[PDB]
Amino acid sequence: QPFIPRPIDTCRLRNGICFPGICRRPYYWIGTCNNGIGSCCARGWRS
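Just so you know, the entry's author numbering puts 36 at position 36 of the sequence shown, and the rest follows in order with no gaps.
Below, the structure is given as structure tokens:
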């Protein structure tokens with residue numbers, strides 16, 4: 001976190017990574033991907 005992580009948003013803040021599975025590091029889960037099985041998790045950290 002170079003910037004100060006504001007309140008966590010959903011995948012509305014999009015395009016960081018879509019994982020098949022889950023985000024563990026460095027990636028914060030923002031909503032789901034692969035229509036449910038994957039994870040919209042943008043590269044970096046929020047909260």
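Using N, Cα and C, we set each Cβ at its ideal position, and we do this for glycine too.
query, result
"Measure the alpha-carbon distance for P20 versus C40 and round it to whole angstroms.", "9 Å"
"Label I30 either buried or exposed according to how many other C-beta atoms from any shown protein chain fall within 10 Å of its C-beta, with 16 as the threshold for buried.", "buried"
"In whole angstroms, what separates the C-alpha of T32 from that of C18?", "8 Å"
"CA-CA distance, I4 and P26?", "15 Å"
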